[PDB]
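[1] here is the sequence, then the experimental structure:
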Amino acid sequence: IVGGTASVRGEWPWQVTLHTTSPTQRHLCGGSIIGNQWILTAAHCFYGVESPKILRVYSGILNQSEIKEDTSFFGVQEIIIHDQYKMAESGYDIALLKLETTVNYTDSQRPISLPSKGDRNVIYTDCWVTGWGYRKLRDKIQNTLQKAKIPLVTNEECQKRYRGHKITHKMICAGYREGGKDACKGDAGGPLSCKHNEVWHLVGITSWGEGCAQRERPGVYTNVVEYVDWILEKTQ
Ligand SMILES: NCc1cccc(-c2cccc(C(=O)Nc3ccccc3CC(=O)O)c2)c1
Ligand code: NA
């Protein structure tokens, strides 16, 4: 996250850190708890991943330094990538992880609701992007989970900033005109969480953009509401 601030314990209890374990153990991407054995994340995170055997999902983490050799984690039973996915920039950047066991919900780990059926006309004005990603293009994974409030921009405006790409209604965009706050490497797969009537909803999945926090180049996110039929079908 560029231009963010440190989160505190329990602040974003749906946020998980997905680690790979080979050839070293490291944070790969973010994800969101959406059900008792289900993480929603970005398909592009799994480039070159041979199988789910080399993944671990850690919930209830604030600082990456908390993770020790005896820290509990969930194995991944299945990786479900959208059948139309090809590359992040070309859309369908969405995947589900089915965990090997269930997540017991507490103040530090619980699910986030999807955008509600019937809420098409809701205008989200309180949206936050979170993660352990880089603070700029040439950086490293951050220790403490970062947060930044980012305004949505219309798809019409977003398309004008990305004339070499097809911005579709399966995407949404968020960023400031003068940049300064955005997601960056290591944040993909995590949530764009928006609060409406004091309930948080998973509006976007961090996906891609041109650089990080550059002026007039908003972050591009998977538009979760356009995938509810797909998510519900896979998780039923
Ligand atoms: N501001 C837009 C924005 C939003 C999110 C990520 C980036 C960004 C920047 C530079 C490099 C990368 C990258 O190599 N990613 C990658 C590739 C394969 C697997 C996992 C990942 C991590 C990931 O995507 O987080 C991503 C940019
Ligand atoms: Na769908």
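    Happy to help now that I have it. Residues are numbered from 1 along each chain as shown. Ligands and ions are numbered 1, 2, ... in the order given.
[2] show me the residue sitting in the middle of the chain in space.
    The chain has residue 190 as the residue nearest its centroid, 1.6 Å off, counting by CA atoms, centre = their mean.
[3] which one is it nearest to, not counting chain neighbours?
    residue 30 (2.6 Å; CB to CB, 6 or more residues apart in numbering). C-betas here are computed from N, CA, C, even on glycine.
[4] wait, a strand at that neighbour?
    Yes: assessed by DSSP: H, G, I helix; E, B strand; the rest coil, residue 30 belongs to a strand.
[5] what about it, how many neighbours?
    29 (other CB atoms under 10 Å).
[6] shouldn't it be in contact with residue 187?
    Yes: counting by CB atoms under 8 Å, residue 30 touches residue 187, with 5.9 Å between them.
[7] who touches both of the two?
    130, 131, 132, 133, 206 (CB atoms under 8 Å, 6 or more residues apart in numbering).
[8] any chance of the residues you listed in a markdown table, plus neighbour count?
    As requested, the shared contacts of residue 30 and residue 187 are arranged in a markdown table below (neighbours: other CB atoms under 10 Å):
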| residue | neighbour count |
| --- | --- |
| 130 | 25 |
| 131 | 30 |
| 132 | 24 |
| 133 | 28 |
| 206 | 33 |
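[9] dump the residues you listed into a markdown table; add distance to ligand 2 and secondary structure as well.
    Below are the shared contacts of residue 30 and residue 187 laid out as a markdown table (distance: CB to the ion, whole Å; DSSP: H, G, I helix; E, B strand; the rest coil):
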| residue | distance to ligand 2 | secondary structure |
| --- | --- | --- |
| 130 | 24 | strand |
| 131 | 25 | strand |
| 132 | 29 | coil |
| 133 | 27 | coil |
| 206 | 19 | strand |
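[10] which two from these end up farthest apart in space?
    For those, the farthest-apart pair by CB to CB is 132 and 206; their separation is 11.6 Å.
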